[PDB]
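Residue numbers (my numbering), protein chains in the order written: chain G, 1 to 102; chain L, 1001 to 1054; chain W, 2001 to 2100; chain E, 3001 to 3160; chain D, 4001 to 4480. Cβ atoms here follow ideal geometry from the backbone N, Cα and C, with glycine treated the same way. What follows is a single structure, written as structure tokens, with notes after it.
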Amino acid sequence: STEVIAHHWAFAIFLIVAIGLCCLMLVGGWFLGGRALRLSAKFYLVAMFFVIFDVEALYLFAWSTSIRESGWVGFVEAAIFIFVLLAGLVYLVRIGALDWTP
Amino acid sequence: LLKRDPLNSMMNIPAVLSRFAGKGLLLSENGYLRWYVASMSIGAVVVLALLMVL
Amino acid sequence: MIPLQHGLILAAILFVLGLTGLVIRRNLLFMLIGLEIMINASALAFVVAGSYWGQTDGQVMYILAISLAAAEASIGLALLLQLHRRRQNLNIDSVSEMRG
Amino acid sequence: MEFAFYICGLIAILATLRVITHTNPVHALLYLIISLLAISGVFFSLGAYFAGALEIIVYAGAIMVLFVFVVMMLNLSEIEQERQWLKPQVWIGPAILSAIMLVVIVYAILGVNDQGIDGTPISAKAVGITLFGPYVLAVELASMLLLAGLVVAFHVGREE
Amino acid sequence: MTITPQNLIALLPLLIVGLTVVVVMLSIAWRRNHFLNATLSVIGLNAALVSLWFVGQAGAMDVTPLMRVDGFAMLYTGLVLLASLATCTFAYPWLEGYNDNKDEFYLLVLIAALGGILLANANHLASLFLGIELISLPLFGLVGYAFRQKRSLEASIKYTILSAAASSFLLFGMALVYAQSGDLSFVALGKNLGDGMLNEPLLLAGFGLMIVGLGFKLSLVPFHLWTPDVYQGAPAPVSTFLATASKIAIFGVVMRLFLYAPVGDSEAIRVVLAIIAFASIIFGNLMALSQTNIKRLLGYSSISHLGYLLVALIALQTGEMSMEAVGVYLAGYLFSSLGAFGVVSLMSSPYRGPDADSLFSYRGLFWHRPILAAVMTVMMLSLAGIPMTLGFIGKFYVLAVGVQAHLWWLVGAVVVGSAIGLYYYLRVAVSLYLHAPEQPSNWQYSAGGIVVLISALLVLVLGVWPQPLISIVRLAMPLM
Ligand SMILES: CCCCCCCCCCCCCCCCCC(=O)OC[C@H](COP(=O)(O)OCCN)OC(=O)CCCCCCCCCCCCCCCCC
Ligand SMILES: CCCCCCCCCCCCCCCCCCCC
Ligand SMILES: CCCCCCCCCCCCCCCCCCCC
């Protein structure tokens, strides 16, 4: 359609002009103007928790856009999914996995 | 000439062959992870080629 | 009017590239990177197959593939952290003690 | 839509080739992120909008974030001082093996019936419908798989 | 499709083991109690095992577009649950000497058993893939549970890297198979092919990559090199689980895939599987000739026994008693491996620190552990296929299936590998009954001893009288 190809061209022009704007800004900044330890594993733990719960979040993302088309049995399935998610979260909290302080 | 029982040694020849083949096969178990991945890919190539031929 | 053959060829190219990176690199981090490349290529192949047949099954299998990929990346990076903690190097040829 | 698919596939192939041949771990992860964005563009060109969205959100937004985190943790160390993978006596053999396997897989691919991917956009609503329909146990046991990975990675990746 | 209450009744072991995972999770979150969490895990596994009876009274039909529950699934679920229960029983005295957190072990065992049940009931490529991952990733944790130990960490790294590679190979295989067929169900793989064009190139390539992944998972040659290292480095209850439950579940789902898919009757796949089975039998017996360590010997034993199982699988389309042979052989192999790895686990328990050696030293075991030595030599005779043992009944089934399908190369392979196995198994037995230069007290150690004792008694009784096992395997008949 003409409207969808107009929106595609608008999005492409938006991306190109934004990239060109920031690149030209950096180029003008460079051109103008004269010249003259072992980290603690809690970082890995919190990033790993973010990865796992982001995958669980993607499952809930897929569920949320089709809640009406899934019916009450989909609600029961997603309630079991969310309950397992919350049991894992309670497990992580209670063993001090999510406690940054010692 | 026969006091060494030559037929017994001739029938013990498969035991020697089995020992030699086992010692030759145990060289593949060098414990290197990269060789294990390489062997899995080699087996993938062999299985795919055999399925393509037949 | 995009051929299924071309998508499967691209996925196969990425898969064998990830396998080559998994084999030729002695660093465990690059081995995990290669593993991520292979499993992402397999997920891409499933997406291509699902898009050819007009089915959501390819995207469902993509979702399962990336769930597996996230979990094995977490496990492998924890193992890499333990290896770097207790060996101070990531040479995977150094850990070859059990043999024969 | 064809042109976007081919340029994104070419970018992904080149970026993966730069990944498996680089020395700097952060640079390798950066080309890996570029390859994941390219493969997401491939997904968007094929109508798999949800798959490309998850490719940037999860694969190129969580997993490689974790890889970057671990690389910054290591502060990467007898790696650039060796460069053993670029000597031909190391890489010619596996490259030959991968080329042979790629040739076999491509020959198997070329003998298939192709009606062409029409690229009809498959929304996340249909994926969510089939996710909690025909694949209920896939979702539940995938939650259990993520739980298993969580427990394993917590048990291994501690410091005591 | 929708899920009825009868479908939930047919999914009773899955729901019970998952609820046990949640309950053990919340119990660890409440208070770290080793005994209470182990008791909850074994109670949940026993509840699933006894809910198999309600599953049997439910019937045999299709719970999902993914699962099919039949007598085959019931038998394999029972074998997986028995292996998991024995793993927990052997794991408790070993974990009694573990200084870090002990409760995560039973959670991982429960999730791996859940994956085994998934693989038992699998009727779909998605279910097959998810069951393999649900087995493998708790095995990643359990193999390197004692990660402070060097060998356990090494085995964990090797198993994780190689199993991720095999999962990628398998996933690419299912991707090519789905690109060819257009359906991921087992019954619709090669269904659209006709007029003798069953050997589609892309379908054969996808099945070859899946064979690569599953042959890693089944320790088949040439994807077998991981097996002695991972078996040796892992903790002994983990080696018990990895030898029994993982192999049983993955071979059951491979049996379902080759029974249901019309492309399972392909000549090229049959010849490739015959080559893999021949090489697996011969190589696994030959590599165990000079093995001093018992774990590596049992790994090569697993390779050879999975080769015998593969020989039984090749004749699936020819003889209708191939499923009977696989079930009887897997029951015998399960009990023999449970006894052997339980003897190893009981003599390796408690865990004597990460900086100390875990060497077995089976020489002269009879003069201080006579019942363990008797059980261990019964298991070594059973794995050799010697009569009065159930392993002989399984090997007789394998030979009968190979003779009926005229697999003469495989029959000769079984005979030669059996002779080599006789050598090293009898070497282990006489080393048990020799003399040694040099070199418990709780009811869980006694429970592990009871488990290996009933395993030995079952092996002997069903070796001299196998007909109850034959009848219960014939009851485990799937959908046609
Ligand atoms: C190292 C120790 C182990 C040695 C290797 C293991 C055993 C190998 C056995 C090889 C058998 C080769 C058979 C060759 C012919 C096969 C095809 C054929 O023509 O079969 C004929 C027949 C099937 O056709 P059908 O229509 O059923 O005819 C009925 C026949 N009355 O076939 C039949 O009806 C059944 C044929 C059965 C043939 C006998 C098989 C077992 C024989 C005893 C063992 C082998 C010989 C002794 C040891 C040799 C040296 C080691
Ligand atoms: C210190 C130990 C290092 C071990 C490295 C192992 C690398 C293995 C590379 C294998 C390369 C194979 C090349 C192709 C061979 C021919 C084709 C396959 C067989 C038909
Ligand atoms: C053939 C099937 C299995 C039959 C039983 C095998 C043996 C089981 C253990 C029985 C007890 C063994 C006692 C051996 C005593 C040896 C004493 C030697 C003294 C020099």
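For residue i versus residue j, is the C-beta distance shorter than 7 Å?
i	j	result
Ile3011 of chain E	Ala3051 of chain E	no
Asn4033 of chain D	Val4024 of chain D	no
residue 2985 of chain E	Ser3035 of chain E	Beyond the ends of chain E as shown, which are 3001 and 3160, falls residue 2985 of chain E; an answer cannot be given.
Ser3077 of chain E	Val84 of chain G	no
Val4271 of chain D	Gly4402 of chain D	no
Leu4119 of chain D	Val4253 of chain D	yes
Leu2008 of chain W	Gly3009 of chain E	no
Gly4116 of chain D	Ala4245 of chain D	yes
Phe43 of chain G	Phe3069 of chain E	yes
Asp4070 of chain D	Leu4479 of chain D	yes
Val4221 of chain D	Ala4315 of chain D	no
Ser1028 of chain L	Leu4225 of chain D	yes
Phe4172 of chain D	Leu4209 of chain D	yes
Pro4354 of chain D	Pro4093 of chain D	no
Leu1025 of chain L	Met4287 of chain D	yes
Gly4307 of chain D	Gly4391 of chain D	no
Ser2096 of chain W	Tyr1032 of chain L	yes
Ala4413 of chain D	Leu1054 of chain L	no
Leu3146 of chain E	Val3139 of chain E	no
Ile4282 of chain D	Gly4078 of chain D	no
For the alpha helix (DSSP H) holding residue i, just list the boundary residues, first then last.
i	result
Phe75 of chain G	67-94
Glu3078 of chain E	No alpha helix (DSSP H) holds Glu3078 of chain E; DSSP gives it neither H nor E.
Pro4370 of chain D	4370-4383
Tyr4362 of chain D	Neither: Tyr4362 of chain D is in no alpha helix (DSSP H) and is coded neither H nor E.
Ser4302 of chain D	4294-4314
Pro4005 of chain D	4005-4010
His3155 of chain E	3136-3156
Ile4269 of chain D	4267-4287
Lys1003 of chain L	No alpha helix (DSSP H) holds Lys1003 of chain L; DSSP gives it neither H nor E.
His4406 of chain D	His4406 of chain D -> no alpha helix (DSSP H), and no H or E assigned at all.
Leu45 of chain G	42-64
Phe11 of chain G	2-31
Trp3091 of chain E	3088-3110
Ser4345 of chain D	4322-4347
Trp4226 of chain D	Run containing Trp4226 of chain D: none; DSSP gives neither H nor E here.
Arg1034 of chain L	1033-1053
From this set, the options, which residue's C-alpha is nearest residue i's C-alpha?
i	options	result
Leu4045 of chain D	D:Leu4014, D:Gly4213, D:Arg4068, D:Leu4407	D:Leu4014
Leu4410 of chain D	D:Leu4479, D:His4368, D:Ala4274, D:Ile4211	D:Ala4274
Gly4264 of chain D	D:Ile4294, D:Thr4292, D:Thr4318	D:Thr4318
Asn4123 of chain D	D:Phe4341, D:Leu4184, D:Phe4392	D:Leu4184
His4368 of chain D	D:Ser4266, D:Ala4436, D:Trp4408	D:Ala4436
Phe4366 of chain D	D:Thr4377, D:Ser4345, D:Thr4160	D:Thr4377
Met3072 of chain E	G:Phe50, G:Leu37, G:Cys23, G:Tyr59	G:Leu37
residue 4497 of chain D	D:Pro4228, D:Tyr4231, D:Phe4258	The first residue shown for chain D is 4001 and the last is 4480, placing residue 4497 of chain D beyond what the model contains.
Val4326 of chain D	D:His4305, D:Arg4031, D:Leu4359	D:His4305
residue 112 of chain G	W:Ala2078, W:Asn2089, W:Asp2093	In this structure chain G extends from 1 to 102, so residue 112 of chain G is not present and cannot be described.
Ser4152 of chain D	D:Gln4006, D:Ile4043, D:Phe4169, D:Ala4236	D:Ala4236
For residue i, write down the residues that DSSP places opposite it in a beta bridge.
i	result
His4124 of chain D	D:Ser4185
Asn2091 of chain W	W:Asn2027
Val4069 of chain D	D:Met4061
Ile3117 of chain E	W:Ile2002
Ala3048 of chain E	E:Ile3122
Pick out every residue whose C-beta is nearer than 6 Å to a heavy atom of ligand 3: which are they, in chain order? D:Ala4374, D:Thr4377, D:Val4378, D:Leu4381, D:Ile4386, D:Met4388, D:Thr4389, D:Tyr4433
Give the residues whose C-beta lies closer than 5 Å to at least one heavy atom of ligand 1, in chain order. D:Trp4408, D:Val4411, D:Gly4412, D:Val4415
May I have all residues whose beta carbon comes closer than 6 Å to any heavy atom of ligand 2, sorted in chain order? L:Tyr1032, L:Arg1034, L:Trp1035, L:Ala1038, L:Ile1042, L:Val1045, W:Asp2093, E:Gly3093, E:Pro3094, E:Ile3096, E:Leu3097
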